[PDB]
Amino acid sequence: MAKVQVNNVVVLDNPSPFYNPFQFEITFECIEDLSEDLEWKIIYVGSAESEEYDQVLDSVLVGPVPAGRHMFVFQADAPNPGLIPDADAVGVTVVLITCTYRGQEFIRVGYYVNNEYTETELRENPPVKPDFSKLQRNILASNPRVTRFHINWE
């Protein structure tokens, strides 16, 4: 029935240092009153090789959600670098905004994020162990990927 529609997502504070928190201004809409719970999640892909290194940065559980347009800033802390494989630290990776209704994920927004060094010396000769204090995170916000899944909206 598509009872919740994400009309827009605006990436805030981009670019930023790696340690800066993610901030997404999300604008969505409920066609009717929701009897169950919505759950928003931000998920960082620390490694393209395995999903085991996905970090759920934060989760927001609301319910019941009334009909109409809603806008809110989902803010989540930066991923734990101690859990990120060194080879996947510098370069391109993925961040995800998932929304779940009644336990079923119905939308998954994906952004490419490019973590790189700003000092040219570090960019040319990157240290063996990545320096996240010197990494800058640039979310490729102009190219979102919204994946809609069919769920039972009761």
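One rule holds for the numbers: they count along the sequence shown, beginning at 1.
With 81 to 89 and 116 to 124 compared on mean CA B-factor from the PDB entry, the stretch scoring higher is 116 to 124. Mean CA temperature factor is higher for 33 to 41 when stretches 33 to 41 and 106 to 114 are set side by side in the entry. Per the deposited record, 67 carries the highest C-alpha B-factor of all listed residues (67, 56, 61, 94). Sorting the modelled residues of the chain by their CA temperature factor places residue 8 in the middle third.
The PDB entry assigns residue 27 a C-alpha temperature factor belonging to the highest third of its chain's modelled residues.
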